[PDB]
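Shown next: final.cif, given as mmCIF, C-alpha atoms and all ligand atoms.
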data_data
loop_
_atom_site.label_atom_id
_atom_site.label_comp_id
_atom_site.auth_asym_id
_atom_site.auth_seq_id
_atom_site.Cartn_x
_atom_site.Cartn_y
_atom_site.Cartn_z
CA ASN L 14 -64.40 35.67 47.51
CA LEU L 15 -60.63 35.84 48.32
CA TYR L 16 -59.84 34.20 44.91
CA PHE L 17 -60.43 34.66 41.16
CA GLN L 18 -59.99 32.80 37.96
CA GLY L 19 -56.83 34.16 36.46
CA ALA L 20 -55.86 35.04 32.88
CA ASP L 21 -54.27 31.57 32.57
CA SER L 22 -55.90 28.29 33.67
CA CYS L 23 -55.31 28.92 37.38
CA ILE L 24 -56.93 30.10 40.58
CA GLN L 25 -55.27 33.22 42.03
CA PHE L 26 -55.47 34.68 45.60
CA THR L 27 -56.07 38.48 45.69
CA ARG L 28 -54.58 39.15 49.17
CA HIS L 29 -51.76 36.47 49.27
CA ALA L 30 -48.77 38.75 48.21
CA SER L 31 -49.77 41.49 50.71
CA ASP L 32 -50.37 38.77 53.43
CA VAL L 33 -46.85 37.37 52.86
CA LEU L 34 -45.46 40.90 53.20
CA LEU L 35 -47.50 41.56 56.43
CA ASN L 36 -46.14 38.28 57.88
CA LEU L 37 -42.48 39.02 56.87
CA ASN L 38 -42.82 42.41 58.65
CA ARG L 39 -44.20 40.62 61.81
CA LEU L 40 -41.04 38.35 61.60
CA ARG L 41 -38.93 41.56 61.41
CA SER L 42 -40.68 43.27 64.43
CA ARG L 43 -40.06 40.13 66.51
CA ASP L 44 -36.43 39.77 65.18
CA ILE L 45 -37.29 36.25 63.87
CA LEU L 46 -34.75 34.76 61.34
CA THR L 47 -33.29 38.21 60.56
CA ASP L 48 -29.83 37.47 59.11
CA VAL L 49 -28.17 40.86 58.61
CA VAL L 50 -27.54 44.19 60.40
CA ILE L 51 -27.37 47.27 58.14
CA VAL L 52 -25.25 49.95 59.79
CA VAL L 53 -25.82 53.57 58.87
CA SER L 54 -23.59 55.86 60.96
CA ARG L 55 -24.28 54.99 64.57
CA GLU L 56 -27.66 53.40 63.86
CA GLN L 57 -28.31 49.71 63.14
CA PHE L 58 -31.20 48.05 61.28
CA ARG L 59 -31.90 44.30 61.42
CA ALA L 60 -33.48 42.79 58.29
CA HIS L 61 -33.91 39.68 56.14
CA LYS L 62 -31.40 39.55 53.25
CA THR L 63 -33.97 38.18 50.72
CA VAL L 64 -36.41 41.08 51.37
CA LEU L 65 -33.54 43.60 50.85
CA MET L 66 -32.53 41.85 47.57
CA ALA L 67 -36.19 41.73 46.39
CA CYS L 68 -36.47 45.54 46.84
CA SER L 69 -33.01 47.07 46.21
CA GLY L 70 -30.59 46.69 43.28
CA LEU L 71 -27.64 47.46 45.59
CA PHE L 72 -28.59 44.75 48.15
CA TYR L 73 -29.13 42.21 45.33
CA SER L 74 -25.65 43.00 43.88
CA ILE L 75 -24.20 42.80 47.43
CA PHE L 76 -25.79 39.51 48.49
CA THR L 77 -25.20 37.82 45.05
CA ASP L 78 -21.42 38.55 45.45
CA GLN L 79 -19.68 35.24 46.56
CA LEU L 80 -17.46 37.08 49.03
CA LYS L 81 -20.19 39.27 50.59
CA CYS L 82 -23.20 36.85 50.45
CA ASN L 83 -22.63 35.37 53.96
CA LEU L 84 -21.67 38.66 55.78
CA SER L 85 -23.88 39.31 58.86
CA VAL L 86 -22.95 43.06 59.00
CA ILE L 87 -23.22 45.49 56.00
CA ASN L 88 -21.99 49.10 56.42
CA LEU L 89 -23.57 51.77 54.11
CA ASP L 90 -22.03 55.16 53.14
CA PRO L 91 -21.77 57.08 56.54
CA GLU L 92 -23.22 60.07 54.61
CA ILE L 93 -26.56 58.26 54.03
CA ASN L 94 -29.35 59.76 56.17
CA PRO L 95 -30.49 57.15 58.82
CA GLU L 96 -34.08 58.52 58.78
CA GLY L 97 -34.16 58.23 54.94
CA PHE L 98 -32.86 54.62 55.20
CA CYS L 99 -35.47 53.82 57.94
CA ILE L 100 -38.41 55.14 55.75
CA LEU L 101 -37.14 52.95 52.81
CA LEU L 102 -36.65 49.82 54.94
CA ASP L 103 -40.22 50.31 56.32
CA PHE L 104 -41.51 50.76 52.69
CA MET L 105 -39.80 47.46 51.70
CA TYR L 106 -41.82 45.58 54.34
CA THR L 107 -45.11 47.50 54.13
CA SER L 108 -45.50 49.12 50.64
CA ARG L 109 -46.08 52.45 52.38
CA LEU L 110 -43.68 55.27 51.78
CA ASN L 111 -43.96 57.99 54.40
CA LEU L 112 -42.82 60.91 52.18
CA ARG L 113 -42.77 64.37 53.87
CA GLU L 114 -41.54 67.89 52.97
CA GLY L 115 -38.60 67.51 55.39
CA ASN L 116 -37.49 63.98 54.42
CA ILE L 117 -38.17 63.89 50.60
CA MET L 118 -34.62 65.04 49.57
CA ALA L 119 -32.94 62.46 51.91
CA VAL L 120 -35.35 59.65 50.88
CA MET L 121 -34.63 60.27 47.15
CA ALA L 122 -30.83 60.41 47.80
CA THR L 123 -30.97 57.04 49.74
CA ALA L 124 -33.24 55.30 47.11
CA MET L 125 -30.75 56.38 44.34
CA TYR L 126 -27.89 54.79 46.38
CA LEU L 127 -30.11 51.66 47.03
CA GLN L 128 -31.16 51.44 43.30
CA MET L 129 -34.90 51.63 44.00
CA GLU L 130 -36.01 53.26 40.70
CA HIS L 131 -39.79 53.23 41.50
CA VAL L 132 -39.28 55.30 44.66
CA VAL L 133 -36.63 57.51 42.90
CA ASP L 134 -39.13 58.43 40.11
CA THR L 135 -42.04 58.94 42.60
CA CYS L 136 -39.85 61.39 44.65
CA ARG L 137 -39.03 63.34 41.44
CA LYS L 138 -42.78 63.65 40.48
CA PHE L 139 -43.61 65.04 43.99
CA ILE L 140 -40.62 67.49 43.80
CA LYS L 141 -41.72 68.77 40.31
CA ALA L 142 -45.26 69.50 41.69
CA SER L 143 -44.01 71.07 44.98
CA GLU L 144 -41.95 73.59 42.88
CA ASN D 14 -49.89 55.96 38.53
CA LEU D 15 -48.18 53.09 40.47
CA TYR D 16 -49.12 54.80 43.81
CA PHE D 17 -52.14 56.13 45.74
CA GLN D 18 -52.91 58.15 48.78
CA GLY D 19 -53.74 55.64 51.44
CA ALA D 20 -56.39 55.59 54.18
CA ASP D 21 -53.77 56.98 56.61
CA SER D 22 -51.42 59.90 55.86
CA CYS D 23 -49.15 57.86 53.59
CA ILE D 24 -48.33 57.08 49.98
CA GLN D 25 -48.86 53.40 49.10
CA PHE D 26 -47.49 51.37 46.12
CA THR D 27 -50.15 49.17 44.40
CA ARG D 28 -47.75 46.59 42.87
CA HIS D 29 -44.96 46.50 45.57
CA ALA D 30 -46.17 43.33 47.53
CA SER D 31 -46.64 41.32 44.29
CA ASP D 32 -43.22 42.65 42.98
CA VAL D 33 -41.49 41.46 46.19
CA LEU D 34 -43.12 38.05 45.72
CA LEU D 35 -42.08 37.89 41.98
CA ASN D 36 -38.48 38.72 43.03
CA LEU D 37 -38.41 36.13 45.90
CA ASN D 38 -39.57 33.49 43.37
CA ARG D 39 -36.74 34.56 40.94
CA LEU D 40 -34.31 34.07 43.95
CA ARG D 41 -35.84 30.58 44.43
CA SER D 42 -35.54 29.59 40.68
CA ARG D 43 -31.86 30.60 40.76
CA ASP D 44 -31.28 28.89 44.20
CA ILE D 45 -30.13 32.26 45.65
CA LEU D 46 -29.99 32.43 49.52
CA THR D 47 -32.29 29.39 49.88
CA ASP D 48 -31.60 28.09 53.41
CA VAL D 49 -33.61 24.87 53.74
CA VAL D 50 -34.39 21.62 51.86
CA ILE D 51 -37.89 20.18 52.46
CA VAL D 52 -37.84 16.42 51.90
CA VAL D 53 -41.04 14.66 50.93
CA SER D 54 -40.39 10.95 50.28
CA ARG D 55 -37.63 10.81 47.71
CA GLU D 56 -38.20 14.34 46.44
CA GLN D 57 -36.47 17.50 47.70
CA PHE D 58 -37.59 21.14 47.55
CA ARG D 59 -35.26 24.09 48.23
CA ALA D 60 -36.90 27.19 49.74
CA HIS D 61 -36.43 30.27 51.91
CA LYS D 62 -37.43 29.66 55.56
CA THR D 63 -39.10 33.12 55.97
CA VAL D 64 -41.40 32.56 52.94
CA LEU D 65 -42.44 29.14 54.37
CA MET D 66 -43.14 30.74 57.81
CA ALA D 67 -45.09 33.62 56.19
CA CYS D 68 -47.41 31.09 54.44
CA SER D 69 -47.66 27.98 56.67
CA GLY D 70 -48.56 27.61 60.36
CA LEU D 71 -46.52 24.38 60.55
CA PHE D 72 -43.33 25.98 59.11
CA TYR D 73 -43.73 28.99 61.46
CA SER D 74 -44.05 26.63 64.50
CA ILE D 75 -41.05 24.64 63.17
CA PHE D 76 -38.70 27.56 62.50
CA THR D 77 -39.69 29.44 65.74
CA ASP D 78 -38.63 26.32 67.77
CA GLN D 79 -35.11 27.04 69.29
CA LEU D 80 -33.92 23.52 68.52
CA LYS D 81 -35.24 23.33 64.93
CA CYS D 82 -34.75 26.99 63.81
CA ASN D 83 -31.23 26.45 62.35
CA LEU D 84 -31.85 23.00 60.70
CA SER D 85 -30.97 23.00 56.96
CA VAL D 86 -33.04 19.82 56.25
CA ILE D 87 -36.74 19.34 57.25
CA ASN D 88 -38.43 15.96 56.60
CA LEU D 89 -42.28 15.96 56.20
CA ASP D 90 -44.64 12.98 56.75
CA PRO D 91 -43.55 10.40 54.03
CA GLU D 92 -47.30 9.98 53.35
CA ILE D 93 -47.63 13.59 52.10
CA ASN D 94 -48.13 13.72 48.31
CA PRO D 95 -45.02 15.35 46.65
CA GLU D 96 -47.16 16.81 43.82
CA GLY D 97 -49.57 18.33 46.41
CA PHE D 98 -46.58 19.82 48.30
CA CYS D 99 -45.09 21.18 45.00
CA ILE D 100 -48.42 22.95 44.05
CA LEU D 101 -48.52 24.56 47.57
CA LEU D 102 -44.86 25.64 47.52
CA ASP D 103 -45.46 27.22 44.05
CA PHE D 104 -48.63 28.96 45.45
CA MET D 105 -46.54 30.39 48.34
CA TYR D 106 -44.21 32.12 45.86
CA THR D 107 -46.74 33.07 43.15
CA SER D 108 -50.27 33.38 44.67
CA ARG D 109 -51.51 30.94 42.03
CA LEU D 110 -52.95 27.66 43.10
CA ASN D 111 -53.09 25.14 40.27
CA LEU D 112 -56.12 23.15 41.55
CA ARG D 113 -57.25 20.23 39.31
CA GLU D 114 -59.77 17.34 39.58
CA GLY D 115 -56.90 14.85 40.07
CA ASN D 116 -54.84 16.83 42.62
CA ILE D 117 -57.58 18.60 44.73
CA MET D 118 -57.82 15.82 47.42
CA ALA D 119 -53.98 15.67 47.84
CA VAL D 120 -53.63 19.50 47.84
CA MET D 121 -56.30 19.84 50.60
CA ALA D 122 -54.66 17.02 52.66
CA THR D 123 -51.19 18.75 52.39
CA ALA D 124 -52.58 22.29 53.20
CA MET D 125 -54.29 20.83 56.35
CA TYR D 126 -50.91 19.34 57.43
CA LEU D 127 -49.17 22.70 56.55
CA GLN D 128 -51.87 24.78 58.40
CA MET D 129 -52.79 26.88 55.36
CA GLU D 130 -56.46 27.61 56.27
CA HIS D 131 -57.18 29.87 53.21
CA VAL D 132 -56.26 27.09 50.78
CA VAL D 133 -58.00 24.43 52.99
CA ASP D 134 -61.33 26.38 52.86
CA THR D 135 -60.98 27.13 49.09
CA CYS D 136 -60.48 23.36 48.39
CA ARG D 137 -63.64 22.56 50.42
CA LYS D 138 -65.76 25.15 48.44
CA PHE D 139 -64.60 23.60 45.10
CA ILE D 140 -65.34 20.03 46.42
CA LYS D 141 -68.90 21.05 47.57
CA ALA D 142 -69.65 22.44 44.04
CA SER D 143 -68.06 19.47 42.17
CA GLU D 144 -70.43 17.10 44.12
CL CL N 201 -63.86 31.79 41.06
CL CL N 202 -51.47 60.36 44.46
#

Take the structure in this file and express it as structure tokens.
Ligand SMILES: [Cl-]
Ligand SMILES: [Cl-]
Amino acid sequence: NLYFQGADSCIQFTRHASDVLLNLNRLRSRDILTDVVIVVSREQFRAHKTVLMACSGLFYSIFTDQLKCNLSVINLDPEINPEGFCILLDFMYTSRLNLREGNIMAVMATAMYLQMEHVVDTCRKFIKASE
Amino acid sequence: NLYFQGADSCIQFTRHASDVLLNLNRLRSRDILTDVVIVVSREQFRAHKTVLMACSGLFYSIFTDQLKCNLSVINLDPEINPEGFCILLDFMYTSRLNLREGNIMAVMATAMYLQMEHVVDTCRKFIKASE
């Protein structure tokens, strides 16, 4: 089946959470109900605020701030690597982190700035083994 | 670990999709960046439009319509069971469908109206066995 009897007294759907994520990424690709532009240097990234808050400590702190919550444009540190930000934004919407020899230092730096501890620790483990 | 080497050339996070969903539901509980009220009879339900679109064919068709996309209040058929709608909205944010003897006919009716085919079929399978 596509369902199971859960630990509690409830039916649970195995692929629902991943299907929601697939569909939110389809909304992103088509620029449907995106409500913010993240600007890193000269590059821009359109996204959904709630997805950003659900993945990053920094975006949650930003969009829970009463002054900043309704801003349509958010500028990040111009020192942040745009490729490293792109890889992380793609991870947020797909669960796949395209970690390579060339990008690993910039992805770790960006995830530290974005407060994405799971990705931060995973980068460290791959750096300790590649040494 | 919390990651695996995927089918493609990429690292994938096992719990990411479910963690995103847990966090979007925490945003809902706290009424953070909810952008629509769904009104069923006298009851109201606050939600995030993108979550609704990612789960229901009806909400996707509604919020992709240029006239209706920026509406903050959506009224459903006053004949729709509020309990049945509540169970489905909770499923959307949790993956758990609290299906009971008393609610199964109203949950199926509501999921048909909301174009949630996975839930519709699952209701039918439980009705064919309970007969
Ligand atoms: Cl079962
Ligand atoms: Cl691995």

Determine, for each residue of chain D having at least one atom at most 12 Å from an atom of ligand CL 201 (chain N), the closest pair of atoms and their separation in Å to one decimal, counting all atoms listed in the file; order by chain and ascending number, as a Markdown table.
| residue | atom | partner | partner_atom | distance |
| --- | --- | --- | --- | --- |
| D:110 | CA | N:CL201 | CL | 11.8 |
| D:112 | CA | N:CL201 | CL | 11.6 |
| D:135 | CA | N:CL201 | CL | 9.7 |
| D:136 | CA | N:CL201 | CL | 11.7 |
| D:138 | CA | N:CL201 | CL | 10.1 |
| D:139 | CA | N:CL201 | CL | 9.2 |
| D:142 | CA | N:CL201 | CL | 11.4 |

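With CA of residue 54 (chain L) on one side and CA of residue 80 (chain L) on the other, the separation reads 23.1 Å.
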
Counting all atoms listed in the file, collect the residues of chain L whose closest atom lies at most 6 Å from chain D, and write them out as a list in words.
-> residues 23, 24, 25, 26, 29, 30, 31, 33, 36, 67, 108, 109, 110 and 111 of chain L

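For the atom pair formed by CA of residue 60 (chain L) and CA of residue 57 (chain D), the distance is 27.6 Å, given to one decimal.
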
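Reported to one decimal place, the separation of CA of residue 43 (chain D) from CA of residue 97 (chain D) is 22.3 Å.
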
Could the centre and edge lengths of an axis-aligned box, enclosing all atoms of region 134-141 of chain L in the file with 3 Å extra on each side, be given in Å to one decimal as AutoDock Vina command-line options?
--center_x -41.3 --center_y 63.6 --center_z 42.4 --size_x 10.6 --size_y 16.3 --size_z 10.5

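If you measure from each of D:127, D:53, D:85, D:20 to ligand CL 202 (chain N) using all atoms listed in the file, the closest one turns out to be D:20.
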